[PDB]
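For reference, the structure is listed below as structure tokens.
Because the Cβ atoms are built from the backbone with ideal geometry, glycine has one as well, and the counts that use them run over all protein chains shown. All of this is worked out from the model, or read from it or from the source named; none is laboratory data.
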Number of protein chains: 2
Amino acid sequence: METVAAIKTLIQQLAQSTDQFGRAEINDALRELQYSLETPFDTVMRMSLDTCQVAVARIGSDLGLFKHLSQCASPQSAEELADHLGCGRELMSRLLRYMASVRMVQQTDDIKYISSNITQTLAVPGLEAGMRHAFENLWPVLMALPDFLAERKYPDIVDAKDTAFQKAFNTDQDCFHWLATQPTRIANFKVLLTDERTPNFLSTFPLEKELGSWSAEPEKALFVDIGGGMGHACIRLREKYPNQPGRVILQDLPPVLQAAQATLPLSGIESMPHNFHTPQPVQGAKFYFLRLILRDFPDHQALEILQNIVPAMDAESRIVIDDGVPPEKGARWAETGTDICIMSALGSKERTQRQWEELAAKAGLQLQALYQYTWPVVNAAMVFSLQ
Amino acid sequence: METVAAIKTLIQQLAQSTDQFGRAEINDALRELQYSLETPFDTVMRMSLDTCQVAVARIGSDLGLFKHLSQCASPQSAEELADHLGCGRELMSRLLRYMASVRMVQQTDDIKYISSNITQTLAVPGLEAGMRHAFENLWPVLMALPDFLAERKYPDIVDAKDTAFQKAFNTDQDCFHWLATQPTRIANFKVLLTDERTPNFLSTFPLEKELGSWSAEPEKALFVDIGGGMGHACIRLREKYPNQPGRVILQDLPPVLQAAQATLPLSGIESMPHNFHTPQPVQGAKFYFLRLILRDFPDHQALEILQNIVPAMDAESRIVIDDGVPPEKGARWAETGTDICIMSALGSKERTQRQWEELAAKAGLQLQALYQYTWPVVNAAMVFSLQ
Ligand SMILES: Nc1ncnc2c1ncn2[C@@H]1O[C@H](CSCC[C@H](N)C(=O)O)[C@@H](O)[C@H]1O
Ligand SMILES: Nc1ncnc2c1ncn2[C@@H]1O[C@H](CSCC[C@H](N)C(=O)O)[C@@H](O)[C@H]1O
């Protein structure tokens, strides 16, 4: 139809006219429009069939199809893709036809296949690891959730050792300890840490304003990245503020600190093994940074993590929580869906700004500023001080 | 934003101006636009989180939340819904917040919850049964598909007894025989048959033209509904052509024929137990009707079903296959996703128009006409004759 072509042309022009945050708003609008115009039959057909995307993406990941296709300079038929990757010709054909229908690849007028924007994404190892994480970990969790809540007469999940994860994987350990005994899952989790989300808090964080007259002399610590993974926040800090004095310390576990040495700058950033369930060793640091850490623990354990940092704070010291702050109403699917997943696997929760201040007050902390850096799904850096 | 409000209003006006087929075109365009304007990070987030909808819908079905909410004349807070349904107040709150974000319910400005169009859909027993089927029968099979194809070095699946279904449920039976030994699954499958798809082939089927000078005298059968479920095709046939003489026979298994007696007309439609893997008993009938039947069997078993009907055909007899006919290129997700699901659970396949004629030629049949009645996803009634 000419009308649907006019809609595509029109919405494309509007998307290119705004920024990434305007585009995120448009995508949520297209999603609500789809859900509001589907017939009752289409609704069930949509929920049933969108499950296939994760499973089919995993199949393509196991075959290296997205990586191989991202390096092809010419359209490929189904037969050669099946032969080069070692797959049955008929099986490959049906997979590609499905992928093309959900834009996982692109199909040409002569029934050949090229890469789409989703194909390039699935070839990036950090993002491909996120999709495999969804298939092999959270899917099973999610699938055990409804029968788990029925047997327990629908309780409020508040314990990391009593949630759907235990029934899903037939163990009594929590998700963190159980992961260490699984080598292939640890390997994938390591690749997953190499993906750097963008933008980061430094795009709106007024460092100099929050710094004040704090002095790095003699050799105080400027930035302590507690559970910092590959140290992306540390790296982006030295890049944006290379002249700012003060130590920049990446704290994590020895396994991931060893992996981070490959991509760390030769100087500027210290690697320091630390378990944040234990007292913080660095004293009087300006910023203690927690990005996507406290959302993986229930309120009683997230408080313990904060209670181990408080004894090491000066009056100039600030605890910075970089995490999602969903609104009290009108929350988007990207911040309510994660809330259900971490509840089922970790017994934790997403927290509104109010739930953050209530958790922080129990540690003796007080909110000083809140600097959002994503829209419409809110990721903010919350600056906390003593008193 | 004012911009996203203008898009919603504009597409709503265009949606109400066209028919159901035009709206299906618009929804598919909105989906392609969503997939093409999402950041690489959003793509992974979408596949991860859209999985929750099936799990969350199953939870709401287990609580009767969608049925209860569809009967409320005033907005309900999370606390009152939790108490009436026997659910934890905090657990209910997070569930409603997630449902609201995916339009599974609607949230009000004062944080209360009412029904949406999806809520009414999930309250219809036939559609709720379709969602429960996806959770308990489809989802597991899919979860087992990628590891199944890896162990077998990615073969072409052509056998109903050697697919992901066997690994998913740790049995050696095919899906049909294993289903009979499961009481709760049989009950849900029975409710699933009560949902009537719309429109049906009678919206474009030229009965009088295809009927010709066929005489019902002495007592020939006009319509034989082979595997007809609740007999919806039979009922809509007596309704649209009530004066057309001839017997209208609904054929299925004793379990579902007995369940269909509740909604069958008092007269007009005969119920006849029959197993379509056995020779057809009704002789010289005008139309032998197969709706969504041959889609569930591989080529070797689907042919036997046709080979059992051929011996009962006159020269005037016609076999009518009502099924999906996806195009050779550009197939929509609704007809490629089902192809992957029936491959994984039943070892069968969706068939293009030529693949249908190739299957019918092996039975001695010849395509006479093809009457589409859905767009853009093609469901057609294909009229076959002998020779
Ligand atoms: N007990 C513990 N002590 C210290 N670090 C831990 C820990 N348990 C988990 N972690 C670390 O916490 C990290 C969470 S992933 C978050 C990484 C970083 N905050 C970012 O967003 O870029 C993982 O890298 C993991 O190694
Ligand atoms: N071996 C068999 N013999 C006869 N009917 C069978 C059968 N195996 C399955 N069926 C029936 O075939 C139907 C498939 S779903 C049927 C939907 C219906 N024919 C429609 O037009 O929409 C079920 O009702 C099931 O009971």
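A few notes on this one:
- Criterion applied to A:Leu292, A:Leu237, A:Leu250 was being surrounded by fewer than 21 Cβ atoms within 10 Å (Cβ to Cβ), of a type in the set (A, V, I, L, M, F, W, C) and free of Cβ contacts under 8 Å to residues at least 60 places away in the same chain, and the one residue passing it is A:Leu292.
- For segment B:206-249, residues that are on the phi > 0 side of the Ramachandran plot and away from ligand 2 (no atom under 16 Å from the Cβ) total 2.
- For segment A:189-200, the criterion of being touching a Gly at 6+ places or on another chain (Cβ under 7 Å) and within 30 Å of A:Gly284 (Cβ to Cβ) is met by at least one residue.
- Among residues of segment B:135-163 that are at the interface with chain A (Cβ under 9 Å from one of its Cβ atoms), those with a Cβ under 8 angstrom from a residue that is crowded, with 21+ Cβ neighbours inside 10 Å and not in a helix (DSSP H, G or I), sequence gap 6+ or separate chain, pair up as B:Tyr154/A:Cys87; B:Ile157/B:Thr163; B:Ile157/B:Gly347; B:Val158/B:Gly347.
- Exactly one residue out of A:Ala331, A:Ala315, A:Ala262, A:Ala285 is within 14 Å of chain B (Cβ to nearest Cβ) and in a loop (DSSP other than H, G, I, E, B), and it is A:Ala331.
- Neighbours by Cβ (under 9 Å, 6+ apart or cross-chain): first from segment B:67-89, under 14 Å from B:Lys112 (Cβ atoms); second exposed (fewer than 15 other Cβ atoms within 10 Å of the Cβ) and among the polar types (S, T, N, Q): B:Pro75/B:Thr108
- Within segment B:133-170, the set of residues being assigned to a helix (DSSP H, G or I) and among the polar types (S, T, N, Q) comprises B:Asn137, B:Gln166.
- The lone exception for B:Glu38 - which of (1) buried (at least 16 other Cβ atoms within 10 Å of the Cβ); (2) part of a helix (DSSP H, G or I) it fails: (2)
- Segment B:111-134 - residue that is of a type in the set (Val, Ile, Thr) and in contact with a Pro (Cβ under 6 Å, 6 or more places away or on another chain) and, of those, nearest to the other protein chains (Cβ to nearest Cβ): B:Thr121
- Residue match in segment A:34-43 (condition: in contact with a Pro (Cβ under 9 Å, 6 or more places away or on another chain), of a type in the set (A, V, I, L, M, F, W, C), within 12 Å of another protein chain (Cβ to nearest Cβ) and under 30 Å from B:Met99 (Cβ atoms)): no
- Sole exception among (1) within 30 Å of B:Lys240 (Cα to Cα); (2) surrounded by 18 or more Cβ atoms within 10 Å (Cβ to Cβ); (3) in contact with a strand residue (DSSP E or B) (Cβ under 9 Å, 6 or more places away or on another chain) for B:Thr121, by number: (3)
- Out of B:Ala5, B:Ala24, sole residue that is touching a residue at least 60 places away in the same chain (Cβ under 8 Å), over 30 Å from A:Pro140 (Cα atoms) and part of a helix (DSSP H, G or I): B:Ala24
- Flag for B:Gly364 being in contact (Cβ under 8 Å) with a residue 24 or more places away in the chain, more than 16 Å from A:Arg97 (Cα to Cα) and either touching a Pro at 6+ places or on another chain (Cβ under 7 Å) or within 16 Å of ligand 1 (Cβ to nearest atom) (or both): no
- Residues of segment B:253-289 satisfying the condition of being free of Cβ contacts under 8 Å to residues at least 24 places away in the same chain and either within 16 Å of ligand 1 (Cβ to nearest atom) or more than 20 Å from the chain's Cα centre (by Cα) (or both): B:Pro254, B:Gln258, B:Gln261, B:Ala262, B:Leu266, B:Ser267, B:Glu270, B:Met272, B:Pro273, B:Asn275
- Enumeration of residues in segment A:180-191 that are exposed (fewer than 14 other Cβ atoms within 10 Å of the Cβ), out of contact with any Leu (no Cβ under 7 Å at 6 or more places or on another chain) and assigned to a helix (DSSP H, G or I): A:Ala180, A:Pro183, A:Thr184, A:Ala187
- Any hit, segment A:89-110, residues being facing chain B (nearest Cβ under 7 Å), among the small types (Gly, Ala, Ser) and assigned to a loop (DSSP other than H, G, I, E, B): no
- Test result for A:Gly228, in contact (Cβ under 8 Å) with a residue 12 or more places away in the chain and surrounded by 15 or more Cβ atoms within 10 Å (Cβ to Cβ): yes
- Scan of segment B:68-83 for residues that are assigned to a helix (DSSP H, G or I) and out of contact with any helix residue (DSSP H, G or I) (no Cβ under 7 Å at 6 or more places or on another chain), ordered by number: B:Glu80, B:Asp83
- Residues located in segment A:92-105, provided they are under 15 Å from A:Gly64 (Cβ atoms) and free of Cβ contacts under 8 Å to residues at least 40 places away in the same chain: A:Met92, A:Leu95, A:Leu96, A:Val105
- When we screen B:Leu14, B:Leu33 for residues that are in a helix (DSSP H, G or I), buried (at least 19 other Cβ atoms within 10 Å of the Cβ), aliphatic (A, V, I, L, M) and not assigned by TED's automatic domain parsing to the domain that holds B:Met131, the only hit is B:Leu33.
- Test for B:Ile309: is it under 26 Å from B:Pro326 (Cβ atoms), more than 11 Å from ligand 2 (Cβ to nearest atom) and assigned by TED's automatic domain parsing to the domain that holds B:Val377: yes
- Being touching a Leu at 6+ places or on another chain (Cβ under 8 Å) and either crowded, with 17+ Cβ neighbours inside 10 Å or more than 14 Å from chain B (Cβ to nearest Cβ) (or both) is not true of A:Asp172.
- Test: B:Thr194 is surrounded by fewer than 16 Cβ atoms within 10 Å (Cβ to Cβ) and either outside any helix (DSSP H, G or I) or more than 16 Å from ligand 1 (Cβ to nearest atom) (or both): no
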